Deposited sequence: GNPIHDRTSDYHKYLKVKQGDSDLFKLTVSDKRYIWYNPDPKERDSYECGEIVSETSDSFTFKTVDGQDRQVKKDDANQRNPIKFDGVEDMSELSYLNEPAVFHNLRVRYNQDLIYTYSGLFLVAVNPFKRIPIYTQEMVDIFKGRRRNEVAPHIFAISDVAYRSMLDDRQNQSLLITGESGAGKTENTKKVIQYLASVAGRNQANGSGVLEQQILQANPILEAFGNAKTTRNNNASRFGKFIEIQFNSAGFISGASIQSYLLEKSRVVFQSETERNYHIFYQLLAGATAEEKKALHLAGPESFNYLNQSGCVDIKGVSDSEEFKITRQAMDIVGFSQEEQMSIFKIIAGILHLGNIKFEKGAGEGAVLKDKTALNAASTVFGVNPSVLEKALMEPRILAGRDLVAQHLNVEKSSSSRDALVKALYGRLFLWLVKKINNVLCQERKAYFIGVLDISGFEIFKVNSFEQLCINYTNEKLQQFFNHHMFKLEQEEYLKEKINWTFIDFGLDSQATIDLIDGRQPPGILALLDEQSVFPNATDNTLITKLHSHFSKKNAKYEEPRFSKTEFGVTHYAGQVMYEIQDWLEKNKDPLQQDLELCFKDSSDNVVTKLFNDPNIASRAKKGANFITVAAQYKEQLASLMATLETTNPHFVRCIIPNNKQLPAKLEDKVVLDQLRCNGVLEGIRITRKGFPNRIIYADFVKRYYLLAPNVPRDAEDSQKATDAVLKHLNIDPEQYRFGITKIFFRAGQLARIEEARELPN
């Protein structure tokens, strides 16, 4: 049994290596240390100082290069005794200050132990290298094991959720969030791998597993932070019958980055599918789709990057086509998907020219025709809908001759609409195959970004930060409910409203919040960026404590989020909220001869947001349905963390890491925890380690509570620092570290 065989891969890769002995005496030391900042302007870079003496309210310590500093006891970050280095749950630490939390993570990360609990959270730090802990053999170890019987792992939280589903008869959710490159999608895939194995058996399992490469081909791209970045969020429901076997699955997607189709920043790529197609198509597909190399398409030849190191786009095309076969897209469906992809690239090569007054005409029709052929549309109808759309102006419908720039924007809008709708069609198609109208239970997995705070923040950042306000509020309420249950159950008296202001500033109706004011401006076609930002300042500047009008910028505003202030710029929000596409372009493509393209334009479930609503209103409603579903589940929270910004292994950077722990709720959770009784230990466990600290207890004394009390009395510990629970002693912060340091 690998859990008990210390030579196994389980022990080597997931545990701190255990020596011949764990006796208290091995770890005895008279040194006491403090974590301190060598430079006080760097709040989260620490070094270890040896305390050399103390007064009533201060410590004096030696810094690393020999200099005496002093610190008030009340301000000190004491270092946990060495036995605590490597513990599997931060809730086991006696000193719970920030550098002590970072130290335990780093100790573990130094041994390639990338998973560590913190109370309710599983903290997962990307190793940026392969560690072989996700094999079938590794799956089998976690089957049926309680959290406290096996090491931290995404498989163990997956098993606890599965058993809770079966035992409590309650749907479950796993919320997996964090920065780009942190590992969320890979962990999401491991949860699905795990459930398919413990609960599967089959062709349905295979289809559920193959849904993923399809959506990654279409919704992931190389960015500067991740070679395989997800540019859409997702919520996957894995469905079960009441006997606990997988019966189905459903996928909801969110915030697909449609703008990447038409523009990529330097060294970034477009969506993988465009390179796959070009690399992987047969000679006969290339000629039928009129394809050349990526250097021949404006939508793929601007960033300077068409290749990803270690990735073969033609081998990935094969993988994507195999996935499609297995889910059951027909050969004709697949061809039409590739026709849409090829036609977008052809659209992007249309070059608009001035032909007189502007004008915009097409002198070479080759790209127009190629696009028209592949989409099944009339090129003369496409041409006019692009450059001379008929516009309603009062009661008159008149063709307006657009100039080159508006013609080019309209073409871009068409491309983004084709891409967005195709993606939604793909999701619906996969759902039609996988989804069970009659599931008994589900485990839902959310894989989305945590808070996004960039150098520039725009409408999509406000959306995902609004989502993360809700999810952090949900976690807070959950944490409050479970802590009070724990204290109740052990009979111990100790005794997200916070998030509501920010949420109301964003989504309030009366008085109107930011999205309501955005939506109001959206019915006025001549409203501008300036009219919108002015309205926002008029309502909130100096009037709402979570908002800030900048000192100087005229296009930005600040929101105080859970994770700190975010500055947003409002350029183009009015356009983003309406997502406009000329009606003559809808009309052109509504009459397509292609059986996929017609759906993108004639099925109102795909072609339109529902009835009339804006993009913000739809985002608010989809978030409220998501929250409604999560509130019916027993949730589990996974916080993925990136160790540095360079995609390098073995380089865990304190400032990068701690900033994420502050943003994602981990440090706040600990700060709240550490105030009550954070260490709660099964009496027999306590006795088993500490019996030699007192006379006449019996390492296995049958009366565990009494023997615990014997040691506490013998050491004369202040009774205010502990509480006897029905099954555990509860300790205030620091107390257990002082017991660990007592004399044998």
{"query": "Deposited-sequence segments unaccounted for in the coordinates", "finding": "1, 203-208, 503-506, 621, 624-626, 760-762"}
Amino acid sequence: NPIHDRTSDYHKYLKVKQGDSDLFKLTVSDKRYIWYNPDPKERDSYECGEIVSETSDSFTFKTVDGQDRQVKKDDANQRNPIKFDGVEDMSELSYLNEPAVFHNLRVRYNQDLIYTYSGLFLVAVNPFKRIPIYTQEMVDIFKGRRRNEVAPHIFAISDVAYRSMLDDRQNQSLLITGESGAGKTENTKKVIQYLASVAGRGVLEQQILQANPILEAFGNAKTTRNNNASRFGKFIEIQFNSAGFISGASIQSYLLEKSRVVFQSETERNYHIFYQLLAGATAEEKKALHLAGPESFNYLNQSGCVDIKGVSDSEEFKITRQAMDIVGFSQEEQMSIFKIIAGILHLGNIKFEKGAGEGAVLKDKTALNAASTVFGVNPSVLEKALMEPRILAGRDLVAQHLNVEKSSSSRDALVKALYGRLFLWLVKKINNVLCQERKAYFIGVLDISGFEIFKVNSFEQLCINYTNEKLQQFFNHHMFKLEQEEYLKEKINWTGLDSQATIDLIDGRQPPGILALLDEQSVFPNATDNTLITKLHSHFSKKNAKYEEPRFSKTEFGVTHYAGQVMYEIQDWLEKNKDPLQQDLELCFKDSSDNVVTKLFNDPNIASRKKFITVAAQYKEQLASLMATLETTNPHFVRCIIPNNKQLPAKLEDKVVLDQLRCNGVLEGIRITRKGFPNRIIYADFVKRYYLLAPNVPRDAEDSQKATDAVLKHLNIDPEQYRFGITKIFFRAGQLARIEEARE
From here on, numbers count along this sequence of modelled residues.
item: Mean C-alpha B-factor comparison - 687-695 and 63-71, higher one; value: 63-71
item: Selected stretch [higher average CA B-factor]: 643-651 or 167-175; value: 643-651
item: Residue selected from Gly513, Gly359, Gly219, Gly420 by maximal Cα B factor; value: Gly359
item: Out of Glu575, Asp112, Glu452, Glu490, residue topping the C-alpha B-factor column of the entry; value: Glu490
item: Third of the chain, ranked by Cα B-factor, where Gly233 sits; value: lowest
item: Among modelled residues of the same chain, the CA temperature factor third for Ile340; value: middle
item: Record-listed C-alpha B factor of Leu256: chain third; value: lowest
item: Ranked against its chain, the third holding the CA B-factor of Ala196; value: middle
item: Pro152, C-alpha B-factor rank within chain (lowest, middle or highest third); value: lowest
